[PDB]
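Written out below as structure tokens is the structure these notes cover.
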Amino acid sequence: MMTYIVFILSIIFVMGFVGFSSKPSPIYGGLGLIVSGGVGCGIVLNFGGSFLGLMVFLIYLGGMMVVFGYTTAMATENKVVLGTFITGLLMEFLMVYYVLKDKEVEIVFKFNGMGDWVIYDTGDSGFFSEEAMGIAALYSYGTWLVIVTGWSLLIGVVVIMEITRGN
Amino acid sequence: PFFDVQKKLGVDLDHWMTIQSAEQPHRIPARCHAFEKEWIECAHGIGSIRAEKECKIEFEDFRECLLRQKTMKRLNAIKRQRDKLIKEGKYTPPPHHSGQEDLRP
Amino acid sequence: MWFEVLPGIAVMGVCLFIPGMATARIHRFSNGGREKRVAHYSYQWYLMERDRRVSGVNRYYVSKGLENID
Amino acid sequence: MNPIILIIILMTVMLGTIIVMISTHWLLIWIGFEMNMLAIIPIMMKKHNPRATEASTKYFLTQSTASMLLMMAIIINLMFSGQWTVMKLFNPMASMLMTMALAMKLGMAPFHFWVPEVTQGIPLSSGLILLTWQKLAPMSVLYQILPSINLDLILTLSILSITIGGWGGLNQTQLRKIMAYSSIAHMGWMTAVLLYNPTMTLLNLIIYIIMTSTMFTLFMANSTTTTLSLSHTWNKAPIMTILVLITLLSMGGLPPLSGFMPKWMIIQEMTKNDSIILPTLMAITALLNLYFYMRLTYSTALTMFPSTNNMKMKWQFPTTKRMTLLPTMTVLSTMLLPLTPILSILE
Amino acid sequence: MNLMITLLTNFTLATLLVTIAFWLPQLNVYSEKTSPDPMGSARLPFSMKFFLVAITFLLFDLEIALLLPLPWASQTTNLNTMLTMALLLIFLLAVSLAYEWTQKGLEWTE
Amino acid sequence: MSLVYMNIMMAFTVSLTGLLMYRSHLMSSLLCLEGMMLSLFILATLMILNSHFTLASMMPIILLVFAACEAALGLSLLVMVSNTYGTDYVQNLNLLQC
Amino acid sequence: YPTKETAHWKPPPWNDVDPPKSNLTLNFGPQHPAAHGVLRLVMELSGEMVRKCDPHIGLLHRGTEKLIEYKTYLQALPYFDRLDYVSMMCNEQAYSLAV
Amino acid sequence: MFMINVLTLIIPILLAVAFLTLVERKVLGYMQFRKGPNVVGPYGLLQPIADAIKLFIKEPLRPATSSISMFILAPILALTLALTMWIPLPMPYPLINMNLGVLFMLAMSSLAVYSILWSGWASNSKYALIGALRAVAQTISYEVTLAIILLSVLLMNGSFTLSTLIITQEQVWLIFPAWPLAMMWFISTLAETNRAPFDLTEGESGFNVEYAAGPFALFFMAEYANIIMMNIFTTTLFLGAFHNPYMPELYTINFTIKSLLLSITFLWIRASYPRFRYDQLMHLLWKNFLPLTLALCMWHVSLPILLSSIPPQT
Amino acid sequence: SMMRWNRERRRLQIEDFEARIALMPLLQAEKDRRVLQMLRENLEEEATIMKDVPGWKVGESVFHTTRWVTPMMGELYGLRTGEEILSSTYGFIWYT
Amino acid sequence: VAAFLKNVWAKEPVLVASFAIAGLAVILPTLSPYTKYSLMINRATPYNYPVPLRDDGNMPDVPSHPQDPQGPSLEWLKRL
Ligand SMILES: CCCCCCCCCCCCCCCCCC(=O)OC[C@H](COP(=O)([O-])OCC[N+](C)(C)C)OC(=O)CCCCCCCCCCCCCCCCC
Ligand SMILES: CCCCCCCCCCCCCCCCCC(=O)OC[C@H](COP(=O)(O)OCCN)OC(=O)CCCCCCCCCCCCCCCCC
Ligand SMILES: CCCCCCCCCCCCCCCCCC(=O)OC[C@H](COP(=O)(O)OCCN)OC(=O)CCCCCCCCCCCCCCCCC
Ligand SMILES: CCCCCCCCCCCCCCCCCC(=O)OC[C@H](COP(=O)(O)OCCN)OC(=O)CCCCCCCCCCCCCCCCC
Ligand SMILES: CCCCCCCCCCCCCCCCCC(=O)OC[C@H](COP(=O)(O)OCCN)OC(=O)CCCCCCCCCCCCCCCCC
Ligand SMILES: C=C(C)[C@H]1Cc2c(ccc3c2O[C@@H]2COc4cc(OC)c(OC)cc4[C@@H]2C3=O)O1
Ligand SMILES: C=C(C)[C@H]1Cc2c(ccc3c2O[C@H]2COc4cc(OC)c(OC)cc4[C@@H]2C3=O)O1
């Protein structure tokens, strides 16, 4: 049961999206997307992407969904929602029952039903996280990427100040 | 259009993140470095039409390194026959696959 | 006078002293009288699991030296 | 808007298109589309009225959904190929998702439902940018992935675009919506010949950009956004009615005009590949857009109209509007058919 | 694993104390209150400046996200390129701040 | 293939169907769009970490940063709609039907 | 071609500009210490700015100077301590100089 | 055995937060030429106990809320985040020794604004929502300089590891090469925790005026559970103590004394100044701290390269 | 002071890395015998399990090449108990 | 050049300190002599294994042992 923990989080992740795509309100939609970001971040952290998991927490949840909740507060002061929620939940639990009774499934692609602990690597990486040094490579190998991203963010600041002015 | 400015000016804008076989930081290999290298060296220069049919075996080896569908299928078959013989009782696990042997190195 | 604030400061200081001394004594207790092994990097984890194998008692902290080889 | 900031934002639109055109890595393709969208959003909100905010919001949602589908296509390509080259895709699911996403960025049917609205809500210069410059980057990506494009999907999208662009502009009196349904129909004409000969796709793209640039430049020169204000042009400047005459006759595909040039070549490249029925019904549908062009120039451009007395004030002032490249674009959008073998420079 | 134990323990202790806080004085039968604010019932007006400082936070937080691998990037062998791109990113953050300055975006929450 | 990939793609398609046909708050559409971005982040991260392809470790951060900037842009459009109608109901965005 | 459904569609405006289809009013009542006691304030704000400030007083109106008319001069003297009740002997001195 | 370590972390946190109220009232008393509590306990030592029991037996509001569920989730998230900030703190050894503890604490402290936002949602008072939005914009403003100052210092650390930061300061305190970072950091942590002169929750009515004594005592204590933590974090970051690995309690006494003096420095700042106007601290962040913080971030990028003092990666 | 101490710390890091380098051939030899041990044990247990299945080749490579492929995690720890599986698959990630 | 500088140092000393520290951070690594040693130390740090070479017969500059006098040395780092 502990061997499938990534898989278990993934189920919650799917559930979390059906939690907010049913859309009772942007308030509870934001709450569901924050819980979904937490559990998908747990998925990322369980493969060794610790820096990318802390980028989910710092930038997605701590940076951006704060601004979504802020704008939901300031600008935005059932049957369809609950029905779409229970519909997606029944679809996902029938998928879980299929893939656990069969250990093989095909919706669009062919998917194994064992846990994803098998597909890892048996080596080590010495005195570094490979993911950390690959993100450190943004400044040494990623010059053009830094240029286009910084120009896009500068243009993003300029564009926000243009269209929020109204004049 | 693909205006190949990077080759005309001789600059390396984004060829480096393109494949797994490229120069990585601290010489870290990808898991399928050898397979991708073999498939790239097969399909080089012969065009995509000849590459889809003349480099099928390297590409199948590389896609099966990436996804491990055949390996997981074989592990499913072995684990399923093992579970059947455990349920029937015609097989017993050895002490080195039950965790009673105090590993080697 | 001003030394009346010192009993509350001393109580709060004991409350801040307890977690650090606690985790120091617990890490010395659970690791064979020594510091907890820090495995930030995969080489450290490989050496630590190799220690757990070569100890023979399924503990990384049980150290084996020259007496273990002939 | 500050003209320096306007120059910087237009250079960022151009820079995003250039990054999509030149880059070898799929992430930089996605980055170029993100840069292009993020930069073009203020060009649509130049006049700051609620129609432009609605148009920019609809454009944002369509291009953002298209960009997410593009990144999902890139990610499935990474699953099934382990690499990032902008070349053919290595999964038909990535092929379908990227064809859908580029169809959303072009405005092809069944994702056409924003192109008549957004073009209506934004000014004529930003609508010119939307219907000409924003077609260059997804046609470049479609030009580079055509070994992986499913033929049935691209032909379904193409003929659906041609039928909806044909039967959507029959009802239209707004000039920007006529240009938008014309856009949808011409993108169908470009993408149906894509897997047969992509040079004729580029030929159709360049002739379309010339004719669309001519039409929006005449619209800005006359300040006419409707059919009825276009009818009031002969009493102000008679040559402008002649130019919208010849350019609308060219966009439907009359011989011997230049807009007959691409689609004829397209039919010429579809019968080589033994497709007879498809370019036949394709040009049957193009006869319907030519037919409402001929109503929209016969009934309401040629035979002269009741005017208003205030127009006799406007006789005393000439046009000081910068009609940039307008005679060159009007000559090229009409009189280029004798140079039809120029297309080989696009090979 | 021990991390999840710690997080679960903190969530458990917080939920325990919050439930005891919400339900230990609900044992009391104090009184039932009817009780029939600066604004009375007016709708909350949108403040444009609060939204502008939230988006300015979001964009500078993204520029921070680009800045975050610098202690690892200082360990590279391509230090001239790395130092150039680091100074370029902090300069572009400063240019975004200067444009936010001079276009009066930082006013009445300066 | 991997089984967690099916769940991440199913999450992506759930938020994609939540974006497409509801005709509700505009903020709910932006929430579905950023859920699509979240699932793309998770899926790119699990693939790049799975294959040990080191240079693409900076790729999801890029996928974060641009798209979060994109999100900021969307909110400003919403605020302009929120400065026009008082609501973010997308059925107020029907001026351009005619 | 206007059909039965596409019949209420009026043309868009000629300049493509539609009409745009208010400021906050706060009531800081007698529930507040940094106003020095008993004051109601009807603020009219425009964001951070104060457009209008309407003080409502009378929350300590006690009819002092109607009570003074029914008391003698010596009996009326301690009312003046209780007017400016951090300036007691100054108000005593003002009333005493008057008398 | 690990659960004993978690409990001896988190129960003394709540006790230290309880007696921090007494230390606040006493130290503010003597600075104001008076006494703090000395009646309830001997030298006031039973005042936090009596106060916590008094709050836990008051009637709660249970008002008409826009959300009951977020009215419940705001104290739970507040206490849970206030307790999880302490788990990578190396004193001298942490509960959870992680490679990215600094970035962990930055991310979890960025998550703390949802307590303020949900507490502003849960009260139906629109003015409490306005004050919550002002508090959130204050906190997200100063998180920017927290992130950039912390990045500039970790350029001298070499990693995101909090225990490496003890090895970093074995010769000199890191306040000597980074005192402008240290003083902007200290004022920014003061502005993070809604602490005077940056508090805007007592006067022009805060976000947590809806809460009365059931959740409020929890909110408050979670808030002070941040404050000590931030000072402890500042103590790790700029005032790194001597660590003898054979006597760890030397480090524990040394960092405890420094963290107490720094929390008392918070108390001594709030008793000495008036408050900011709201746009004045927005002026303080966006126009005074942020250009200097960018300039010093450029200086701490280029400085180890130009002195050949790039710190070790491991 | 930070200049002198970070130069000293870089010298100490080089010393630690050279101790690692000097130990790496012995660790490489033990790791090679470790993985060939586990593959040979899985091969013998497959040979004693997979006899009921018709058309089965024991130890059949799924790769068309004859190059040595680095063994996957579920290839080595596929027939062992869940404790050793969980250790070898999430121990370093879950370590403290 | 000193009237405007004294004026901005009297009005905006925060921005004067900001632009001065930023200017020093830009220009000073191009003037420091120690910037070479940063590069030299970051390439002297052995993250990977020093993979040996097959002795073809003629490689005099490659040592046969770590303690041999030929090869790269770190005496510049031990002295500094
Ligand atoms: C961590 C341990 C403790 C750290 C120290 C903190 C303890 C003491 C705290 C005292 C009480 C503080 C209460 C809060 C006060 C908030 C208000 C305030 O101070 O605002 C900040 C004020 C803001 O300015 P202001 O508010 O005074 O003025 C108004 C602003 N103008 C002028 C624009 C109208 O100052 C700063 O922002 C300074 C921040 C630190 C500056 C560091 C400078 C470094 C020097 C570099 C060299 C310079 C020389 C020239 C170049 C040389 C080159 C070689
Ligand atoms: C990490 C460090 C943490 C430290 C936390 C604690 C700090 C403070 C420690 C205690 C300080 C002294 C407290 C003394 C309280 C007053 C005692 C007393 O005399 O109370 C008198 C009262 C009534 O007495 P009565 O008999 O009626 O008198 C008539 C006489 N003819 O009789 C009574 O009220 C009954 C007796 C009450 C005694 C209460 C004592 C304090 C309890 C506090 C709880 C925590 C204790 C410490 C926990 C950690 C150590 C184990
Ligand atoms: C294989 C592909 C490789 C690449 C090939 C090249 C592709 C070319 C695509 C051209 C797209 C042009 C889009 C429009 C020009 C861009 C800048 C712009 O919008 O300029 C218009 C400008 C706006 O000024 P403003 O003040 O805002 O006007 C409002 C009115 N008061 O000023 C005005 O409004 C003035 C009015 C006249 C403007 C006429 C502009 C004509 C531009 C198109 C020229 C023809 C296309 C080039 C040749 C064919 C190339 C395919
Ligand atoms: C309304 C909903 C409820 C709201 C209240 C409760 C939620 C909020 C408060 C709790 C927040 C939980 C945050 C958990 C993850 C924090 C990031 C993290 O784990 O970083 C630490 C560390 C990275 O460092 P590293 O040293 O590389 O790892 C060891 C490798 N040698 O990584 C590790 O050590 C990895 C350890 C294994 C993986 C840990 C996964 C934890 C569980 C996933 C998140 C659960 C919470 C989901 C909700 C979040 C908030 C919405
Ligand atoms: C080349 C070096 C690197 C440069 C890039 C990195 C910069 C790091 C700091 C980032 C700062 C970001 C924001 C900067 C905005 C600058 C413009 C500005 O503030 O102008 C307005 C100001 C008048 O102030 P006001 O508009 O009223 O604002 C309210 C305060 N009263 O007017 C002013 O304050 C006048 C500002 C210009 C004069 C400053 C001169 C400083 C000289 C220091 C010594 C030389 C340093 C070498 C570099 C030259 C710098 C000019
Ligand atoms: C956590 C425990 C054990 C108790 C003690 C306690 C609370 C809850 C809230 C508070 C508190 O202690 C003090 C009480 O007195 C003041 C007085 C103040 O100003 C006079 C002041 O200003 C910020 C703050 C306060 C604290 C405050 O709010 O629960
Ligand atoms: C109203 C619209 C859209 C079009 C259709 C139309 C006109 C103008 C004029 C005429 C016309 O209908 C045609 C019908 O058939 C022919 C056939 C002819 O030749 C085949 C021919 O030669 C001049 C002339 C005619 C008609 C003719 O005069 O504008």
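In the structure tokens, each chain is lettered A, B, ... as it comes, each chain's residues begin at 1, and ligands are numbered from 1 in order of appearance.
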
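What chain H places within 7 Å of chain A, counting only C-alpha atoms, is residues 103, 104, 107, 110, 111 and 314 of chain H.
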
Residues from last step as file, N, CA and C atoms, as a PDB file, in the first residue's frame:
```pdb
ATOM      1  N   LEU H 103      14.848  27.027   0.954  1.00  0.00           N
ATOM      2  CA  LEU H 103      13.790  27.171  -0.032  1.00  0.00           C
ATOM      3  C   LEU H 103      12.474  26.590   0.466  1.00  0.00           C
ATOM      4  N   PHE H 104      12.547  25.532   1.277  1.00  0.00           N
ATOM      5  CA  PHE H 104      11.373  24.995   1.960  1.00  0.00           C
ATOM      6  C   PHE H 104      10.724  26.032   2.864  1.00  0.00           C
ATOM      7  N   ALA H 107       9.094  28.797   0.827  1.00  0.00           N
ATOM      8  CA  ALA H 107       7.835  28.371   0.224  1.00  0.00           C
ATOM      9  C   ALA H 107       6.717  28.243   1.255  1.00  0.00           C
ATOM     10  N   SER H 110       5.598  31.573   2.282  1.00  0.00           N
ATOM     11  CA  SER H 110       4.745  32.136   1.243  1.00  0.00           C
ATOM     12  C   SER H 110       3.338  31.568   1.319  1.00  0.00           C
ATOM     13  N   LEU H 111       3.197  30.345   1.830  1.00  0.00           N
ATOM     14  CA  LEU H 111       1.861  29.773   1.978  1.00  0.00           C
ATOM     15  C   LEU H 111       1.055  30.375   3.124  1.00  0.00           C
ATOM     16  N   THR H 314      28.852  21.324  -1.994  1.00  0.00           N
ATOM     17  CA  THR H 314      28.428  20.346  -1.008  1.00  0.00           C
ATOM     18  C   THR H 314      28.655  20.882   0.398  1.00  0.00           C
TER      19      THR H 314
END
```

>> Can you tell me which residues surround region 26-28 of chain G at a distance of at most 10 Å, considering only C-alpha atoms, apart from same-chain residues fewer than 5 positions away, and format the answer as a PyMOL selection string?
In response: (chain E and resi 37-40+42) or (chain G and resi 35+39-45+53-55) or (chain H and resi 127)

Once you have the residues from the selection above, write them out as an mmCIF file, in the first residue's frame, restricted to N, CA, C and O atoms.
```
data_model
loop_
_atom_site.group_PDB
_atom_site.id
_atom_site.type_symbol
_atom_site.label_atom_id
_atom_site.label_comp_id
_atom_site.auth_asym_id
_atom_site.auth_seq_id
_atom_site.Cartn_x
_atom_site.Cartn_y
_atom_site.Cartn_z
ATOM 1 N N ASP E 37 -19.898 47.291 11.545
ATOM 2 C CA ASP E 37 -19.416 47.398 10.173
ATOM 3 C C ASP E 37 -19.398 48.840 9.653
ATOM 4 O O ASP E 37 -20.383 49.568 9.779
ATOM 5 N N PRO E 38 -18.249 49.256 9.097
ATOM 6 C CA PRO E 38 -18.150 50.593 8.498
ATOM 7 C C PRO E 38 -19.051 50.799 7.292
ATOM 8 O O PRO E 38 -19.753 51.809 7.226
ATOM 9 N N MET E 39 -19.055 49.884 6.329
ATOM 10 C CA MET E 39 -20.067 49.928 5.284
ATOM 11 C C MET E 39 -21.277 49.112 5.722
ATOM 12 O O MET E 39 -21.144 48.084 6.394
ATOM 13 N N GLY E 40 -22.464 49.617 5.404
ATOM 14 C CA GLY E 40 -23.673 48.936 5.819
ATOM 15 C C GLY E 40 -23.996 47.734 4.964
ATOM 16 O O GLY E 40 -23.907 46.591 5.421
ATOM 17 N N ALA E 42 -23.302 48.274 1.226
ATOM 18 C CA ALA E 42 -22.792 48.659 -0.082
ATOM 19 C C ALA E 42 -21.863 47.585 -0.631
ATOM 20 O O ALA E 42 -21.153 46.910 0.119
ATOM 21 N N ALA G 35 -10.203 57.751 17.335
ATOM 22 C CA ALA G 35 -10.973 58.982 17.421
ATOM 23 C C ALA G 35 -11.213 59.235 18.900
ATOM 24 O O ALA G 35 -11.602 58.319 19.630
ATOM 25 N N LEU G 39 -17.416 60.025 18.536
ATOM 26 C CA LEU G 39 -17.507 60.667 17.235
ATOM 27 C C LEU G 39 -18.006 59.656 16.223
ATOM 28 O O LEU G 39 -17.574 58.503 16.231
ATOM 29 N N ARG G 40 -18.912 60.089 15.360
ATOM 30 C CA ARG G 40 -19.259 59.318 14.181
ATOM 31 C C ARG G 40 -18.637 60.014 12.980
ATOM 32 O O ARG G 40 -18.611 61.240 12.918
ATOM 33 N N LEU G 41 -18.092 59.245 12.049
ATOM 34 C CA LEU G 41 -17.475 59.817 10.859
ATOM 35 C C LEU G 41 -18.040 59.141 9.627
ATOM 36 O O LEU G 41 -17.859 57.935 9.442
ATOM 37 N N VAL G 42 -18.712 59.911 8.786
ATOM 38 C CA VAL G 42 -19.174 59.432 7.497
ATOM 39 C C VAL G 42 -18.116 59.858 6.488
ATOM 40 O O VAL G 42 -18.029 61.025 6.101
ATOM 41 N N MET G 43 -17.269 58.908 6.120
ATOM 42 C CA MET G 43 -16.230 59.109 5.130
ATOM 43 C C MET G 43 -16.784 58.813 3.753
ATOM 44 O O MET G 43 -17.574 57.887 3.579
ATOM 45 N N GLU G 44 -16.367 59.593 2.779
ATOM 46 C CA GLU G 44 -16.592 59.277 1.379
ATOM 47 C C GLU G 44 -15.213 59.194 0.747
ATOM 48 O O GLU G 44 -14.533 60.218 0.603
ATOM 49 N N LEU G 45 -14.801 57.976 0.415
ATOM 50 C CA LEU G 45 -13.478 57.680 -0.099
ATOM 51 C C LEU G 45 -13.553 57.329 -1.576
ATOM 52 O O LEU G 45 -14.577 56.844 -2.068
ATOM 53 N N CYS G 53 -15.416 64.187 4.424
ATOM 54 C CA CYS G 53 -15.378 63.774 5.822
ATOM 55 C C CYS G 53 -16.498 64.499 6.552
ATOM 56 O O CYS G 53 -16.427 65.716 6.741
ATOM 57 N N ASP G 54 -17.537 63.764 6.947
ATOM 58 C CA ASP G 54 -18.697 64.334 7.625
ATOM 59 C C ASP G 54 -18.687 63.871 9.072
ATOM 60 O O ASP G 54 -19.058 62.723 9.356
ATOM 61 N N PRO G 55 -18.257 64.700 10.023
ATOM 62 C CA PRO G 55 -18.336 64.299 11.431
ATOM 63 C C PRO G 55 -19.744 64.506 11.972
ATOM 64 O O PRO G 55 -20.343 65.569 11.801
ATOM 65 N N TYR H 127 -15.239 45.506 5.244
ATOM 66 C CA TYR H 127 -14.094 46.282 5.700
ATOM 67 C C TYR H 127 -13.002 45.384 6.268
ATOM 68 O O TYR H 127 -11.808 45.677 6.104
#
```

Taking the backbone alone, and naming residues the way the document does, which bits of chain C are alpha helix (DSSP H) by DSSP, as JSON, numbers by chain?
{"C": [6, 7, 8, 9, 10, 11, 12, 13, 14, 15, 16, 17, 18, 19, 20, 21, 22, 23, 24, 25, 26, 27, 28, 29, 42, 43, 44, 45, 46, 47, 48, 49, 50, 51, 52, 53, 54, 55]}

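Straight-line separation from CA of residue 165 (chain D) to atom 3 (C, counted along the ligand's line) of ligand 7: 17.9 Å.
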
| field | Shell of 7 Å around ligand 2 (only C-alpha atoms and all ligand atoms), written as number ranges by chain | value | C: 11, 14-15; H: 41-42, 45-46

Compile a residue-level contact table for chain A against chain E at a cut-off of 9 Å, reporting for every qualifying residue the shortest atom pair and its distance in Å to one decimal, with only C-alpha atoms counted, rows ordered by chain and ascending number, as a tab-separated table.
```
residue	atom	partner	partner_atom	distance
A:55	CA	E:65	CA	7.6
A:58	CA	E:65	CA	8.5
A:59	CA	E:61	CA	7.1
A:63	CA	E:58	CA	6.1
A:64	CA	E:58	CA	6.3
A:66	CA	E:54	CA	8.7
A:67	CA	E:54	CA	6.0
A:70	CA	E:54	CA	7.7
A:71	CA	E:51	CA	6.8
A:74	CA	E:46	CA	6.1
A:75	CA	E:46	CA	6.0
A:77	CA	E:44	CA	6.7
A:132	CA	E:72	CA	7.4
A:133	CA	E:72	CA	6.9
A:135	CA	E:69	CA	6.4
A:136	CA	E:73	CA	4.5
A:137	CA	E:73	CA	6.7
A:138	CA	E:73	CA	7.8
A:139	CA	E:82	CA	4.7
A:140	CA	E:82	CA	5.0
A:141	CA	E:78	CA	8.4
A:143	CA	E:85	CA	6.8
A:146	CA	E:85	CA	7.2
A:147	CA	E:85	CA	8.1
A:149	CA	E:66	CA	8.7
A:150	CA	E:89	CA	6.5
A:151	CA	E:92	CA	7.9
A:153	CA	E:59	CA	6.9
A:154	CA	E:96	CA	5.7
A:155	CA	E:96	CA	8.7
A:156	CA	E:59	CA	7.7
A:157	CA	E:96	CA	6.3
A:158	CA	E:99	CA	7.4
A:160	CA	E:55	CA	8.1
A:161	CA	E:105	CA	7.3
A:164	CA	E:52	CA	8.0
```

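One distance worth recording is that between CA of residue 314 (chain D) and CA of residue 120 (chain D), which is 26.4 Å.
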
If we count only C-alpha atoms, which residues of chain G reach to within 10 Å of chain H? Please list them as a short mmCIF file (atom, residue, chain, number, x, y, z; two decimals) with C-alpha atoms, in the first residue's frame.
```cif
data_model
loop_
_atom_site.label_atom_id
_atom_site.label_comp_id
_atom_site.auth_asym_id
_atom_site.auth_seq_id
_atom_site.Cartn_x
_atom_site.Cartn_y
_atom_site.Cartn_z
CA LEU G 26 -17.80 54.37 5.16
CA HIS G 32 -13.23 53.24 18.03
CA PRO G 33 -10.43 54.56 20.29
CA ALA G 34 -8.17 56.51 17.93
CA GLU G 48 -7.25 55.77 -0.56
#
```

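In this comparison, which uses only C-alpha atoms, the residue of B:20, B:92, B:6, B:100 approaching chain F most closely is B:20.
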
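Residues with any atom within 12 Å of residue 31 (chain C), counting only C-alpha atoms and excluding same-chain neighbours fewer than 2 positions away, are residues 23, 24, 25, 26, 27, 28, 29, 33, 34, 35, 36, 37, 38, 52, 59, 60, 61, 62 and 63 of chain C; 1 of chain H.
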
Residues of chain F within 8 Å of chain A, counting only C-alpha atoms, what are they? List them as a VMD selection string.
chain F and resid 1 to 4 6 to 8 10 to 11 14 to 15 18 to 19 25 27 to 28 31 to 32 35 38 to 39 42 45 to 46 49 to 50 52 54 to 58 60 to 62 64 66 68 to 69 72 to 73 75 to 77 79 to 80 82 86 to 88

- Surroundings of ligand 1 up to 6 Å, based on only C-alpha atoms and all ligand atoms, as JSON, numbers by chain: {"H": [180, 182, 183, 184, 186, 187, 269, 284, 288, 289], "J": [12, 17]}

Could you save those same residues with N, CA and C atoms as a compact mmCIF listing (two decimals), in the first residue's frame?
```txt
# COMPACT_ATOMS: atom_id res chain seq x y z
N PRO H 180 24.03 45.15 5.27
CA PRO H 180 22.87 45.83 4.66
C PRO H 180 21.77 44.85 4.30
N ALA H 182 21.38 42.22 6.11
CA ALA H 182 20.87 41.82 7.41
C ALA H 182 19.86 42.82 7.95
N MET H 183 20.08 44.11 7.72
CA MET H 183 19.16 45.09 8.27
C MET H 183 17.88 45.18 7.43
N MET H 184 17.99 45.08 6.10
CA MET H 184 16.78 44.99 5.29
C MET H 184 16.03 43.68 5.53
N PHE H 186 15.97 42.04 8.45
CA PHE H 186 15.35 42.12 9.77
C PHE H 186 14.08 42.97 9.72
N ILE H 187 14.13 44.10 9.02
CA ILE H 187 12.94 44.93 8.88
C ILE H 187 11.89 44.24 8.01
N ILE H 269 11.57 47.27 19.38
CA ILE H 269 11.22 48.10 18.25
C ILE H 269 9.78 48.55 18.32
N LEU H 284 8.34 52.07 1.33
CA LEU H 284 9.55 51.50 1.92
C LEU H 284 10.00 50.26 1.17
N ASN H 288 12.61 51.76 -1.71
CA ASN H 288 13.82 51.86 -0.90
C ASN H 288 14.49 50.52 -0.67
N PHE H 289 13.74 49.48 -0.33
CA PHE H 289 14.36 48.18 -0.10
C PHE H 289 14.63 47.45 -1.40
N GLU J 12 18.06 61.62 -2.94
CA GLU J 12 17.80 60.19 -3.07
C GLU J 12 19.06 59.39 -2.78
N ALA J 17 23.27 54.96 -3.56
CA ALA J 17 23.93 53.75 -3.10
C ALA J 17 23.58 52.56 -3.98
```

| message | Which residues are near ligand 5 in this structure, taking near to mean any atom at most 10 Å from a ligand atom and counting only C-alpha atoms and all ligand atoms? Format them as a PyMOL selection string. | response | (chain E and resi 87-88+90-104+106-107+110) or (chain H and resi 283+286-298) or (chain J and resi 4-9+11-27)

Find the residues of chain H in contact range of chain I, meaning any atom within 6 Å when counting only C-alpha atoms, and list them as a PyMOL selection string.
chain H and resi 96-97+309+311-312

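Neighbouring residues of ligand 6 at a cut-off of 8 Å, counting only C-alpha atoms and all ligand atoms, are residues 14, 15, 17, 18, 19, 21, 22, 24, 25, 47, 48, 49, 50, 51, 52, 55, 202, 213, 216, 217, 218, 220 and 221 of chain H.
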